[PDB]
Amino acid sequence: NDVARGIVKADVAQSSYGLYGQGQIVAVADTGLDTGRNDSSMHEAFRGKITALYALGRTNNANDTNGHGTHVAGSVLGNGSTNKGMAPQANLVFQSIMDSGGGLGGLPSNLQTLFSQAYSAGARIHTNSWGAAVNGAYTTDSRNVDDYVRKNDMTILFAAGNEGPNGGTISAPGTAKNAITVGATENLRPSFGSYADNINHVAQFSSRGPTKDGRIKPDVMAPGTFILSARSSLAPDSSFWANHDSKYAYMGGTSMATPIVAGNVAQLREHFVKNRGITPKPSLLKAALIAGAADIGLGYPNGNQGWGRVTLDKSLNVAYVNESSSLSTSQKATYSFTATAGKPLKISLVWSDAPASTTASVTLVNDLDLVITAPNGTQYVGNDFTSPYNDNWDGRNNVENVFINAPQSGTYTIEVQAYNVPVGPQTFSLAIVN
Ligand SMILES: [Ca+2]
Ligand SMILES: [Ca+2]
Ligand SMILES: [Ca+2]
C-alpha cells in the first residue's frame with residue numbers, strides 16, 4: 001500500500017486536497033475480517049471504524065482464516081500505524097461470504113440482495129475481489145450488477161481475474177457493463193524481482209479483454225503485485241507471497257488492485273461531495289477515473305491495460321456532466337470546452353446502460369456516440385484511435401473516449417449523439433481533463 005499510494009497519486013489527494021475518505025462508507029464482500037468480532041480484538045487497521053460486519057457464509061462467524069478479505073479491506077481503508085489503505089478515514093461495511101469449505105457460498109443467488117444489504121447500511125461504494133473464470137461471458141450475475149447500478153447510485157467494482165496473459169479471460173461479474181473492472185499493473189518493489197519492477201508493466205496473470213462481445217475490459221489498472229497490507233491474525237504464511245511482520249504481509253493478484261481503486265473512489269467521491277457540491281453518479285466517478293488514467297505505454301484501444309492506470313490527482317479536477325441530460329434516439333447534447341495547448345485533452349463519455357439479456361450476442365442496449373470538433377474543424381469520434389479519427393464508430397462500448405495529445409488552444413465542441421436508444425431515455429456522464 002505505501003508504494004501503491006504514490007503510484008496512483010493517492011498521496012497527492014491526501015496531502016494536497018485533504019482527502020482521506022472521511023464521511024464515506026465502503027462495503028467489501030470477501031472472505032472474512034480478522035477475528036470476525038467488532039470489538040477490541042479486531043486488527044488495528046479496522047478497530048473502531050466498522051459500520052457493520054455481516055456473516056453470510058458461516059452463521060455468526062465472519063472471521064478470516066484465509067487472509068484474502070483482511071488484506072483486501074486493508075488496502076481500501078486500513079488505518080493501522082503502518083501500511084494504511086488509500087482512504088484511511090472511510091468507514092467499513094464488511095460482508096463475510098466465505099463458507100465452511102473455503103468456498104464463496106455466502107453469496108446470494110441474486111447479487112442484488114448483497115448490494116441492497118450494504119446500501120441499507122449506508123455504503124455507496126461496493127468492491128468485490130472475486131469472480132468466475134467464464135472467458136468474457138455476460139452472465140446472470142453481470143446482468144444483475146448492471147440492473148442494480150442503473151437503479152441505485154452505488155458504484156460497484158470487480159476484479160478482472162487472474163487468468164492472463166491470454167486475451168479474452170475477463171471474469172464475471174467483471175464483465176458487467178456498469179461496474180468498474182480493475183486489472184493489475186506491477187507495484188514498484190524491485191528487490192522482490194520481476195513481478196514488482198516496472199509500474200508500466202501489466203502483471204502477467206492479470207486477465208485481459210476483450211469480453212466475448214468485443215468490449216474493452218478491464219476499465220482501469222492499479223498496482224497488484226507485492227502489496228503490503230493487513231494480515232489476518234488467523235491466517236497462515238502460505239496465504240501470503242512474503243512475510244513482513246505479525247500484522248502486515250504481502251499478497252498479489254487483481255484482488256489487490258481492485259481495493260486500491262475502491263479506496264481511490266472513496267477519496268474522489270468525498271472530493272465531489274465536499275469540495276464540488278454534488279453527489280456524483282456512478283457513471284461520473286467511472287468517467288473521471290478513466291479520463292484521468294495514464295497510458296502505461298501500450299496505446300489504445302487495448303484489452304491488456306483497458307483505459308490505463310488510475311492517476312487520482314488528474315481525476316479530482318475534471319470538468320463534468322453528472323447525468324443532467326437524458327437522450328432518446330436521434331437527439332444530441334452539445335457542450336463547449338476551451339482547451340489549452342500544452343497539456344493533453346482527454347474526454348470520456350460513460351453511461352450506465354440498460355441490462356442485457358444473457359442470451360444476447362451484443363450486450364450494449366443503448367448506443368450513444370461521442371463526437372468532438374476542434375477549433376480548426378477536425379472531427380474525432382469516440383474510441384477512434386486511427387487517423388482519420390472520424391471513420392471508425394463505436395457500437396459496442398458504454399465508454400467512449402477522445403484523447404488528443406497535443407490540442408489546439410481554443411474552443412472544442414463536444415456532442416453526445418443518441419444513435420439508437422430503444423430503452424430510453426438514456427442519461428450519461430462526461431469527464432474532461434486538460
Ligand atoms: Ca516486471
Ligand atoms: Ca457508440
Ligand atoms: Ca479511424
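Residue numbers (the authors' numbering): 1 to 434.
Yeah, the Cβ is synthetic: ideal placement off N, Cα and C, and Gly gets one too.
Buried versus exposed, by CB contacts within 10 Å (16 or more), residue i
{"i": "residue 151", "result": "exposed"}
{"i": "residue 364", "result": "buried"}
{"i": "residue 410", "result": "exposed"}
{"i": "residue 204", "result": "exposed"}
{"i": "residue 70", "result": "buried"}
{"i": "residue 262", "result": "buried"}
{"i": "residue 83", "result": "buried"}
{"i": "residue 173", "result": "buried"}
{"i": "residue 360", "result": "exposed"}
{"i": "residue 334", "result": "exposed"}
{"i": "residue 312", "result": "buried"}
{"i": "residue 278", "result": "exposed"}
{"i": "residue 367", "result": "buried"}
{"i": "residue 113", "result": "exposed"}
{"i": "residue 423", "result": "exposed"}
{"i": "residue 236", "result": "exposed"}
{"i": "residue 75", "result": "buried"}
{"i": "residue 391", "result": "exposed"}
{"i": "residue 230", "result": "buried"}
{"i": "residue 429", "result": "buried"}
For residue i, the three-state DSSP class (helix, strand or coil)
{"i": "residue 410", "result": "strand"}
{"i": "residue 349", "result": "strand"}
{"i": "residue 379", "result": "strand"}
{"i": "residue 369", "result": "strand"}
{"i": "residue 117", "result": "helix"}
{"i": "residue 41", "result": "coil"}
{"i": "residue 438", "result": "As displayed, the chain neither begins before 1 nor continues past 434, which places residue 438 out of reach and without an answer."}
{"i": "residue 430", "result": "strand"}
{"i": "residue 234", "result": "coil"}
{"i": "residue 183", "result": "strand"}
{"i": "residue 126", "result": "strand"}
{"i": "residue 156", "result": "strand"}
{"i": "residue 314", "result": "helix"}
{"i": "residue 360", "result": "coil"}
{"i": "residue 143", "result": "helix"}
{"i": "residue 22", "result": "coil"}
{"i": "residue 269", "result": "helix"}
{"i": "residue 229", "result": "strand"}
{"i": "residue 89", "result": "coil"}
{"i": "residue 195", "result": "helix"}
{"i": "residue 190", "result": "helix"}
{"i": "residue 2", "result": "helix"}
{"i": "residue 243", "result": "strand"}
Any non-hydrogen atom of ligand 2 closer than 8 Å to residue i Cβ
{"i": "residue 163", "result": "no"}
Supposed close pair residue i, residue j - CB separation, criterion 8 Å
{"i": "residue 179", "j": "residue 145", "result": "5 Å"}
{"i": "residue 417", "j": "residue 332", "result": "5 Å"}
{"i": "residue 160", "j": "residue 171", "result": "6 Å"}
Cβ-heavy atom distance, residue i to ligand 1, below 8 Å
{"i": "residue 73", "result": "no"}
{"i": "residue 328", "result": "no"}
{"i": "residue 186", "result": "yes"}
{"i": "residue 195", "result": "yes"}
{"i": "residue 322", "result": "no"}
{"i": "residue 198", "result": "yes"}
{"i": "residue 244", "result": "no"}
{"i": "residue 271", "result": "no"}
{"i": "residue 68", "result": "no"}
{"i": "residue 201", "result": "yes"}
Checklist entry - What residues sit near ligand 3, counting only those whose C-beta is closer than 5 Å to one of its heavy atoms, in chain order? => result Taking each Cβ in turn, the ones that pass are 384, 386, 391, 392.
Item to check | ligand 2 site residues, beta-carbon cut 5 Å against heavy atoms | outcome: Chain-ordered list of matching residues: 367, 369, 394.
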